[PDB]
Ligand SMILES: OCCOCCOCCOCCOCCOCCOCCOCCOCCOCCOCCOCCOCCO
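What follows is one chain in structure tokens, specifically the form solved without the named molecule.
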């Protein structure tokens, strides 16, 4: 009969597109703002405000995250040919997440939210599997081109200090054309990636695996393997052993077979491409992309960006657009806010904010575990063809049910 909200501090918010934008606003309206006062720095990364500002709004939000150390980002449209038409864009703008990653740096850690009544697709997975994706280099910064006919492709290195160049033959095309590409990574980026992985394994108490293909790329993938091993021996091995965990290198194909027959419960450090791909595989194996969280941990050990690990759910948004009922899972988006607020509360020693962030995570899981859930989770239980309308809640019924349970939980603890 006379309450006062939690003062949450400074957070950078990146508004997004299509179905995740709708969810994003329901989360703020029903779960966050009634309990938490925020110093929000909002940036509209919607497809048409980006285009409006020649994508300057993306870069500015990236700089804002550097300044305030905490960002929460909604899924955004990444333009392709179709999208330039649909929004009559000025150009095919770069992915906002590549731009944001490239400015911030670091490792992207992805993890499924587990509810005990939600069957996995992979039978053995009891505990979670946290993939740490090295968010820099390799294919994502590579230079590729078409080879139009017979000829020589070479890759050369010219030292900056003046000494003589070295020239590696890629291929003599003798029979026609094809394609070629060069790609690189940097030692300091690999070192930051190793440290974040060892640190993540130690804070979760779980073992750590790095996957490469160094049997084939002895120099390129060998560099990753060597940097991890030296940093582990010099800096982490005795800590790992003190907690009865361990670090091992694995070939990527051995690693995906090992992961598939494990029980989970390990950190999986992936090079850029493998982490991009394998984390969608892992996400689906747990049940639903809607349940996949993601946090960019920057090398300063202080800045994070939290987001859902899925897209804008265009398919559902099209149905929403023509008045048709939808059942879109908000948990990944919710945990973007709770992870961002948890981190804000850690930097600030804000006890009430940290208790709120965890209460909302608990509430989300408890609601599903009591049998109230969106359709994608119902399908995990029954199999899609066998789901009845009575087995699940639509988008708005589920937020309402969550909002109801969160008011109860928070008024209980006071």
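Residue numbers count along the first chain shown, from 1.
The following text describes the form deposited with the named molecule bound, which does not appear among the structures shown.
The site on this chain is open, since the named molecule, superimposed from its pose in the deposited bound form on the surrounding C-alphas, has no atom within 2.4 angstroms of any backbone or C-beta atom. Only one segment in the set 63-71, 364-372, 26-34, 350-358 has residues whose heavy atoms sit within 4.5 Å of the named molecule in the deposited bound form; it is 26-34. A residue is said to contact a partner when one of its heavy atoms sits within 4.5 Å of a partner heavy atom; residue 399 fails this definition for the named molecule in the deposited bound form, lying far away.
In the deposited bound form, the named molecule sits beyond 4.5 Å of every heavy atom of residue 239. Not displayed here, the named molecule is kept clear of residue 229 by more than 4.5 Å at the level of heavy atoms in the deposited bound form. Interface membership of residue 15, defined by any non-hydrogen atom within 4.5 Å of the named molecule in the deposited bound form, is confirmed. Between the named molecule and the residues 186, 117, 235, 321, the one pair within 4.5 Å by heavy atoms in the deposited bound form involves 321. Using a 4.5 Å cut-off on any heavy atom, the one residue of 44-73 that reaches the named molecule in the deposited bound form is 48.
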